[PDB]
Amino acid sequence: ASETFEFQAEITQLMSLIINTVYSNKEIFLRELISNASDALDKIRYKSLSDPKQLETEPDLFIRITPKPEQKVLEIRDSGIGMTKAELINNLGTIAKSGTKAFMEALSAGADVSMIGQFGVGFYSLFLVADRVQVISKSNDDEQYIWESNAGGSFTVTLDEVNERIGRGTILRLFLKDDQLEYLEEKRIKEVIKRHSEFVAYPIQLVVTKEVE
C-alpha cells in the first residue's frame, strides 16, 4: 500500500519553476546529486566514529552511477546514511524549506539556477532533466522505502518489496525526459563529473554495459 502526502505549497511552486525552464546549464543536476551523496557518506562515517557497528550493514563507502538506457533511467547510488520512512516524509516535501521562496525570488531577479545548492534546495534540480524520480533508501534504523514524485502536488511513500536490497544508503532513480538522454552516455557523464565534482573524498563508480565482440 502506498501512502500519499501533499507537498508544502512553495515546494510545488519550486518544482513547477524548474520543470518548465529553458535554462541552458542543466548538467549541474549531477553536481548536486553527487554532492548530496557525499553529504550522506560524511554523516555515516561521522556517526561511526562513536558507533563503528553502523558501518557493517555496508562496509564500503562509494558513489555509483548506472545509466539504464533501455528504460531511459539514470541511477545515482550511495552507501551513505539513508533515510527512514519518517525522514523521507518530513524532509522530502511535507515541511516548508528555509531556502525555497528566497531561491525563487533570486531566480526571478536573474540568479543562475546553479546557485540552487547554496539555497539548500539543490535536490529539486533533478527536475531539470527528469519528469519522474524514485528515491529508494535504507537507513540502519528502518526498512527499505521508495519515495516517488512526478513534480505534481503530491508524492507517495511505499515499503520496498520491488527493488534490490541496499545494505545501507540511497538510490536516486531518474526517469529522464526525452530531450535529456545525453546523460545516459558514458562520455557525457565523465565530462560532467570532471568539471563539477573534482574534490570528492569518495570513489565515484560508473557502471557500463559493453557487448562482447
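The first residue of the sequence shown is number 1, and the count goes up from there. Rigid core here is just the name for the largest C-alpha set that superposes within 1.5 Å across the two forms.
Take 83 to 91 and 96 to 104, fit the other structures onto the shown form by the rigid core, and average the C-alpha distances in 6 other deposited structures of this protein: the farther stretch is 96 to 104. Per the PDB record, of the two stretches 19 to 27 and 200 to 208, 19 to 27 carries the greater mean B-factor over its C-alpha atoms. The stretch 67 to 75 shows the higher mean C-alpha B-factor when 67 to 75 is compared against 118 to 126 in the entry.
Reading the B-factor column for the CA atoms of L55, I34, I146, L172 in the entry, the top value corresponds to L55. For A111, the recorded CA B-factor ranks within the middle third of the chain. Only modelled residues enter the ranking.
Looking at the C-alpha B-factors along this chain, the one for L92 belongs to the middle third. When the CA B factors of the chain's modelled residues are split into thirds, the value for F155 lands in the middle one. For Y183, the recorded CA B-factor ranks within the highest third of the chain. Only modelled residues enter the ranking.
Sorting the modelled residues of the chain by their CA temperature factor places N140 in the middle third.
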